[PDB]
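Engineer: Chains from the complex, first installment, not repositioned:
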Amino acid sequence: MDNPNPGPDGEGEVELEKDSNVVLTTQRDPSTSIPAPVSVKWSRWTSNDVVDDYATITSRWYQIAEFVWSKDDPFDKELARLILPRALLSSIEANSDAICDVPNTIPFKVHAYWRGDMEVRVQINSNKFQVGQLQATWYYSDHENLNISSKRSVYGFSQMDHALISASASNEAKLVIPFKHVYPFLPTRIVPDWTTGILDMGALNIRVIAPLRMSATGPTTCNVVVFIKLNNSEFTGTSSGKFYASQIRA
Amino acid sequence: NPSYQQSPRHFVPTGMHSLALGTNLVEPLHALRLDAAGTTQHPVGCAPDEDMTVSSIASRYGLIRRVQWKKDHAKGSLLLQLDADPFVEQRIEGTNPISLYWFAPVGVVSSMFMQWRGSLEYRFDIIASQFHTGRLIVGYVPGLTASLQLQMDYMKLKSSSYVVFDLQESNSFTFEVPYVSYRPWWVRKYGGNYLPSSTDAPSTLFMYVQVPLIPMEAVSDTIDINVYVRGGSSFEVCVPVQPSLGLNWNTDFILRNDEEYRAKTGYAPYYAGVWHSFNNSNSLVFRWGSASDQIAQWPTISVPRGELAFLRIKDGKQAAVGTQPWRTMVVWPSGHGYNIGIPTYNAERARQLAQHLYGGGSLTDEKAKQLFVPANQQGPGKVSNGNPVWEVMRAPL
């Protein structure tokens, strides 16, 4: 079946992802990447306090990153290497804004410990005349590894669970990332231990496998949007906001 | 008679079983009893009382603190900020170097285990008439780091799981301590015998005065708040390791080897005095003479990062004397090209000084200079008994 019928509305389907007071669309189905099974709820294990999450409020879609994709970028050059708990907060905090100001962060302010699966969209608007390729990959503990520069390479992450994005026919990388840390919970700020590496479950990272191969005088620049949903969460550990921690640098 | 010529069995030599284990396995040995079926029985009179359970022990309520509550206590005031973990101490006074400590039955265990993960509880026995009324708070706030243990009011405590108690004709109450961690189980706070192998407590509870006490003229205004501690409904215990607590039988330690800490050769005897170069003569420091700049020079103590050091003398009958035997001291460089012996009131005030000098501090800070012993404590200024032995204490910071 192939009859093209673009009316006053150029025809084509648009799948949407609402899902909680925010609707974000994608005109092209994503290339998913599921690195692990869905995480069970270990609140009834580690902590016996206010055991809950926040539905309509922390299970939304906030923006955490956005960047540029150009012909200048050589073969393996990561556009982002963003930590995943974590840079949800660390993006907003360095936006000359506070964590307290946004609805998808506020319990991190009050509550001490967090556990939950993650959802991520790597949406880009590239043109059909751009011949490039990216790869969004996940690593459940990047900073803990010593020589991960060895792994920090397009070759290395192809070896593992990832998603693929090609400039033409742009395209989205779905990226379901459930919770798998060593300890079942994460600490939102400084704690009797975890005096650093606060709220870090691993980093995402997008490098390049094919530069934007542009014709003579073709459009140079491109762009990426990183979105994140925090579903299936649990926030036990009620603590005043003066105990909080404005996350570390990029 | 017939030959068993088929190949004999194989077998791999060991020497001994078994320093572990003993849950469920039969242990063959050489029993010195006359019988091969000799297992002692327990008659009706020789009744097996306990019930030897880790739980059985962590259910008895042992005393651990005593707070004096007074009408003078402001609306905003704290009574105790003791640690919410089984390793909660109570120092007992005197006298030898290593100080003895009181520990609840839920303290002695898990002193034997690595991890615990449990829920605990505190019985606050408030000895009070019916004519005494007040309100106390108590809140388990997880995530209490070092510096953040202060900067803590009774208001931000009301932010975490907290409880307020009304007392007229009902003296005591029991607060069950919640367990909020990122870790399933919780490793030792005191790790023996190993300095850097010990992680702090997961959190702590406080007992502020929500409402000051109002005592009518025929009952006194100060009142004792005895505090007990035991494992709660589910104090669990994880894995047997080296005990972090010792005997009480023979509280000695043969000092190896013989690295006894004492003043450099020639700086003996030494009394507590003052020095114009040490807080402008406003505080006590060990001197080996009364003349110009005769300050006791002490050996440098090599301490690994993440630790602190101070001194407690072996025999109090050999210490320098002021108003009291200066049995405790701290050692730090003097800037005038050596290290000086700074006597403290007690071991706590020697530790707290090490918490501030090794916490990357100076000597001319007010936080340290309020731990220095005042010069009106110099007393008759008795010299020591020569250069008696001090031993160097160690603690993480």
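Structural biologist: Right, received. Where do you want to start? Residues are numbered from 1 along each chain as shown, chains lettered A, B, ... in the order given.
Engineer: switch to C-alpha atoms for all contacts and neighbour counts from now on
Structural biologist: OK.
Engineer: list the contacts for residue B:7?
Structural biologist: Taking C-alpha atoms under 8 Å, 6 or more residues apart in numbering or on different chains, we find residue B:7 in contact with no residue.
Engineer: Can you name every helix or strand that the lengthiest helix in chain A contacts?
Structural biologist: Ranked by number of residues, the top helix in chain A under DSSP state H is helix A:87-93. Helix A:87-93 makes packing contacts with strand A:62-67 when contacts are defined by 3 or more C-alpha pairs under 8 Å, 6 or more residues apart in numbering or on different chains; DSSP states H and E.
Engineer: list the buried ones in the strand it packs on?
Structural biologist: Neighbour counts over strand A:62-67 (16 or more other C-alpha atoms under 10 Å in any protein chain shown) mark A:62-65 as buried.
Engineer: Including distance to chain B, could those go into CSV?
Structural biologist: Conversion of the buried residues of strand A:62-67 to CSV gives the following (distance: C-alpha to the nearest C-alpha, whole Å):
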residue, distance to chain B
A:62, 26
A:63, 27
A:64, 25
A:65, 28
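Engineer: Chain A against chain B: which residues are in contact?
Structural biologist: Within chain A, the positions near chain B by C-alpha under 8 Å from any C-alpha of the partner chain are A:45-49, A:112-113, A:183-187, A:190-193, A:236-240, A:243.
Engineer: Identify those among the residues you listed that sit within strands.
Structural biologist: Taking DSSP state E as the definition of strands, these contribute A:113, A:186-187.
Engineer: Tell me which residue is most central in the chain.
Structural biologist: Chain wasn't specified; assuming chain A. For chain A, the residue nearest the mean C-alpha position is residue A:120 (4.2 Å; C-alpha atoms, centre = their mean).
Engineer: oops, I was thinking of chain B
Structural biologist: residue B:89 (4.8 Å).
Engineer: How about the contacts made by that one?
Structural biologist: Going by C-alpha under 8 Å, 6+ apart, residue B:89 touches B:64, B:101-103.
Engineer: Tell me the buried residues within those.
Structural biologist: For the contacts of residue B:89, buried by 16+ other C-alpha under 10 Å: B:64, B:102-103.
Engineer: same for chain A: which of the residues you listed are within range?
Structural biologist: Near chain A, by the rule C-alpha under 8 Å from any C-alpha, you find none of these.
Engineer: Quick one: name the residues of the stretch 201-350 of chain B near chain A.
Structural biologist: Going by C-alpha under 8 Å from any C-alpha, the residues of the stretch 201-350 of chain B near chain A are B:201-203.
Engineer: returning to that earlier point: now list the buried members of the residues of chain A next to chain B.
Structural biologist: For the residues of chain A next to chain B, buried by 16+ other C-alpha under 10 Å: A:45-49, A:112-113, A:184-187, A:190-193, A:236-240, A:243.
Engineer: Point out the ones among these that are inside helices.
Structural biologist: Using DSSP H, the subset of these located in helices is A:45-46.
Engineer: got the contact list for the longest helix of chain A?
Structural biologist: A:62-65, A:98-99, A:105, A:228, A:246-250.
Engineer: Now the element after that helix, going C-ward?
Structural biologist: helix A:106-110 (DSSP states H and E).
Engineer: gap between stretch A:132-141 and the chain center?
Structural biologist: 10 Å (C-alpha atoms, centre = their mean, to the nearest Å).
Engineer: which residues touch that stretch?
Structural biologist: Stretch A:132-141 has contacts (C-alpha under 8 Å, 6+ apart) with A:35, A:122, A:154, A:157, A:160-168, A:173, A:177, A:180-181, A:201-213.
Engineer: swap the cut-off to 7 Å and go again
Structural biologist: When contacts are defined by C-alpha atoms under 7 Å, 6 or more residues apart in numbering or on different chains, stretch A:132-141 is touched by residues A:157, A:161-168, A:180-181, A:201-213.
Engineer: Now, of the residues you listed, which are buried?
Structural biologist: The buried subset of the contacts of stretch A:132-141 (16+ other C-alpha under 10 Å) comprises A:157, A:161-168, A:180, A:201-213.
Engineer: ranges for the strands of chain A?
Structural biologist: A:15-16, A:25-26, A:62-67, A:113-114, A:119-124, A:133-139, A:162-166, A:172-174, A:186-187, A:203-210, A:224-229.
Engineer: following sequence is chain C, add it:
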Amino acid sequence: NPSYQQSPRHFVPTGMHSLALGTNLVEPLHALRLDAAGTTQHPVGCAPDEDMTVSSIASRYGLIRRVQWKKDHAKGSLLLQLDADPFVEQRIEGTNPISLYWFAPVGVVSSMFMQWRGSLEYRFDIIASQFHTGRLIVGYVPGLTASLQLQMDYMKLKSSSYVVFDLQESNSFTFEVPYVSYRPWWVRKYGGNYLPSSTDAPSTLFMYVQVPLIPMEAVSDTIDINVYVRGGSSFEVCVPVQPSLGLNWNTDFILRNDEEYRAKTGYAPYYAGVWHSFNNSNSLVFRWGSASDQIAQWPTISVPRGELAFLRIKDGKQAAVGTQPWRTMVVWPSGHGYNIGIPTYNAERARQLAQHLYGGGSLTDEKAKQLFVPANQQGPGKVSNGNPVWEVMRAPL
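Structural biologist: Adding chain C to the chains above:
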């Protein structure tokens, strides 16, 4: 009580079980757990993710090559001629002597096994617009010896099992690599650590350009062809032996003993220069002076037949300098009565020279003289840092 007087059992002493094996047999030991029924369980949270199979690994698709396809590519042209065997490399740039290499999950195994016998496959991810059209070939031709690896067109490839791919609006495709052998299983191509104990690959696939690309003016003419490799529907694995791959953790090698390769005593320092007796001064060779016939004399390398030898320096911060640090070199007799150090561009160009000199060749052949470094690369002509250490590499030919 009664005497068991019948003959005791027989038995034959061994000392230890068992560095092998561990498929199906009960292994008795001394467990340090407290219990004799102590086997760790895996909770619902502590979920056992994998699935630890030799197959599980040889099914993930790891990158291995990247070909740039261009319109300029003729009707008759090849893109890659990589080897059809699990031991297919990808050299990564720099820097120390032993060069690091990229290997697919189907590369790391069977790096542990001797033989494999499997079927494999290659995913050719062709990043392309819908406005790019072309046709690629790919053919597994068994029986590709050394010399016969060239003399290979895209036409004779069409004689063996081969495939042609049309690309308009469909970027990538996957070619399953057939397995044609006389041998059931296939021994290691890389045998570590042993030089002559390694047999070449059974065959190789190529990717020619059946039809050159035709790109319209608003999409670029050069296009990346990423190449992935994984074990196919039935990549089998045969027998565990010494791994042919190392760590990545500590990429060092303490040079025994101390047989470090370096110039003969008196020929230091040494810069890359030219010599009228070495390709008529048209190529670089190590000189220990600027005067008449001062060419660096190098020790003779005793190499067993079926092998080759060249040199890679230990520290690049001590190598002779031209336009680039001459970290690689080849050693061969000079006819004027000694062996000369001939710097190469990289390790590949040093190996290829050893493939031609040890392949029973001469120095005055065009095949070798196109691997010699041109004299306009002599640069500022910095001398070395004395006589730094070189190490002698070895490879079969």
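Engineer: again for the buried residues of strand A:62-67, since chain C is there now?
Structural biologist: A:62-65.
Engineer: would JSON lines of those residues with distance to chain C be doable?
Structural biologist: JSON lines is the format used below for those (distance: C-alpha to the nearest C-alpha, whole Å):
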{"residue": "A:62", "distance to chain C": "28"}
{"residue": "A:63", "distance to chain C": "28"}
{"residue": "A:64", "distance to chain C": "28"}
{"residue": "A:65", "distance to chain C": "25"}
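Engineer: any chance of these in TSV, with distance to residue C:32 too?
Structural biologist: Output for the buried residues of strand A:62-67, formatted as TSV (distance: C-alpha to C-alpha, whole Å):
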residue	distance to residue C:32
A:62	50
A:63	51
A:64	49
A:65	50
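Engineer: farthest pair in the residues you listed?
Structural biologist: A:62 and A:65 (9.5 Å; C-alpha to C-alpha).
Engineer: Residue B:239 contacts residue B:111, doesn't it?
Structural biologist: No. The pair residue B:239 / residue B:111 is not scored as a contact, 10.6 Å apart, by C-alpha atoms under 7 Å.
Engineer: So for the two, which sits in the more crowded spot?
Structural biologist: residue B:111 (25 against 13; other C-alpha atoms under 10 Å in any protein chain shown).
Engineer: Would you check how far apart that one and chain A are?
Structural biologist: Noted for residue B:111: a distance of 19 Å to chain A, by C-alpha to the nearest C-alpha, to the nearest Å.
Engineer: Quick one: the strands in the stretch 1-150 of chain B, in order.
Structural biologist: B:9-11, B:62-69, B:120-126, B:134-142 (DSSP state E, counting those that start in this stretch).
Engineer: how far does the first one sit from the chain's center?
Structural biologist: It refers to strand B:9-11. On C-alpha atoms, centre = their mean, the centre of strand B:9-11 falls 54 Å from that of its chain.
Engineer: Who are the packing partners of it?
Structural biologist: Counting contacts by 3 or more C-alpha pairs under 7 Å, 6 or more residues apart in numbering or on different chains; DSSP states H and E, strand B:9-11 is packed against strand C:11-13.
Engineer: List the pairing partners of the strand it packs on within its sheet, with orientation.
Structural biologist: strand B:9-11 (parallel) (DSSP bridges).
Engineer: Distance check, residue B:65 against chain C.
Structural biologist: Here the criterion is C-alpha to the nearest C-alpha. By it, residue B:65 lies 35 Å from chain C.
Engineer: In space, what's closest to that residue - neighbours in sequence excluded?
Structural biologist: Nearest residue to residue B:65, sequence neighbours excluded (C-alpha to C-alpha, 6 or more residues apart in numbering or on different chains): residue B:227, at 4.8 Å.
Engineer: quick one, phi/psi of that neighbour?
Structural biologist: phi -130, psi 130 (degrees, to the nearest 10).
Engineer: Same question for residue B:355.
Structural biologist: Backbone torsions for residue B:355, taken as degrees, to the nearest 10, come to phi -80, psi -20.
Engineer: Relative to residue B:307, how far out is it?
Structural biologist: Using C-alpha to C-alpha, to the nearest Å, one obtains 9 Å as the distance from residue B:355 to residue B:307.
Engineer: Mutual contacts of the two, please.
Structural biologist: With C-alpha under 7 Å, 6+ apart, residue B:355 and residue B:307 have common neighbours residue B:397.
Engineer: Return the residue of chain A that is most distant from the centre.
Structural biologist: Farthest-from-centroid check, chain A (C-alpha atoms, centre = their mean): residue A:3, 37.3 Å.
Engineer: how long is stretch B:77-85 end to end?
Structural biologist: End-to-end distance (C-alpha to C-alpha), stretch B:77-85: 23 Å.
Engineer: again, but for stretch B:143-159
Structural biologist: First-to-last distance for stretch B:143-159 - C-alpha to C-alpha - comes to 13 Å.
Engineer: Residue 216 - how many residues pack around it?
Structural biologist: Just so you know, I chose chain A. 12.
Engineer: ah, no, chain B please
Structural biologist: Count around residue B:216 with other C-alpha under 10 Å applied: 11.
Engineer: need the helices for chain B, in chain order.
Structural biologist: Using DSSP H, helices in chain B cover B:54-57, B:105-108, B:154-157, B:347-357, B:366-369.
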